[PDB]
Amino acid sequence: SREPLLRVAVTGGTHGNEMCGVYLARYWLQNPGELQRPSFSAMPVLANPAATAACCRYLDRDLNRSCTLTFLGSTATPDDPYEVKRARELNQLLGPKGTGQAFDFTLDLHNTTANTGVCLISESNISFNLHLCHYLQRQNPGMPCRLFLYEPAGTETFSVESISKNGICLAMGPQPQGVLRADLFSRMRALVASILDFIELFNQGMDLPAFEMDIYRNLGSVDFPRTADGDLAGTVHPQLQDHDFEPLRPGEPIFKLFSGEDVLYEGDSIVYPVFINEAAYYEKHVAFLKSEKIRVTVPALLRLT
């Protein structure tokens, strides 16, 4: 039968300049009462302390790309990237990744400079995660809450939340890095509260009926237009800017070059752009991710068969 989630973490500041999670984590470390439910208490964690102190995404390496078994399992060294060192600590705290000692669930908080609104990023189609999203949607009529299915292309998962048995990322934008907006802070805070409510209901044995829902599944990235030297030759087109999750159709403009020309989408199908013009993605060569919108059937989670 159903195993309750008793070891639950909420991580903020995985990227040190994403301010909602930074300040929620700091606040809850001073005031943990908010994270307590009848069946469990969630542990708040500031994921990247040094980056947070410096208010930057990362010091040496992206922490949210440093949690592969290869990194975690490798022999230490004084000259290791700071974030590799910190990944190993999180592995001790919340893992070890891939063993029975790992936490039951980690909720990881993110901001984006893209106009995403509320987005749950899941690295698998695990039905619990889809039920969680569905619950948030129903708790918030008229507020988009979208599930972005981002399955790792490589061999190894790499994210902070992947350390635990299961987990999910709550991402909210748009918000400039290093800026804390009251509106996003409060909303993220209430959504976390609701996610903890959900886990509590689950722990109490609530039946979650099977249902269908639309999700967005990652197809790949499109890079900024570049010169031969890889310097920007333009940026996201005004008609694409801020239109995350909206249909992008072949023939439609996606970039405006500095020379004044328009670049058109040359794909065969309508896709759904996500994370359009994210500051942190310039160096990753990503102007946006392409996703396909798909209707999936989510099995029931019942206490008994």
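Residue numbers run from 1 along the displayed sequence.
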{"query": "Greater mean Cα temperature factor according to the PDB record, 289-297 or 7-15", "finding": "289-297"}
{"query": "Stretch with the higher entry mean CA B-factor, where the candidates are 230-238 and 188-196", "finding": "230-238"}
{"query": "Largest Cα B-factor, entry values, listed residues 273, 251, 44, 49", "finding": "251"}
{"query": "Maximum C-alpha temperature factor, selected from 156, 214, 183, 108", "finding": "156"}
{"query": "Third assignment of residue 89 from its chain's C-alpha B-factors", "finding": "middle"}
{"query": "Relative C-alpha B-factor of residue 203, binned into the chain's lowest, middle or highest third", "finding": "middle"}
{"query": "Ranked against its chain, the third holding the CA B-factor of residue 103", "finding": "middle"}
{"query": "Where the record places residue 278 (Cα B-factor, split into thirds across the chain)", "finding": "lowest"}
{"query": "Residue 161 CA temperature factor, ranked by third within the chain", "finding": "lowest"}
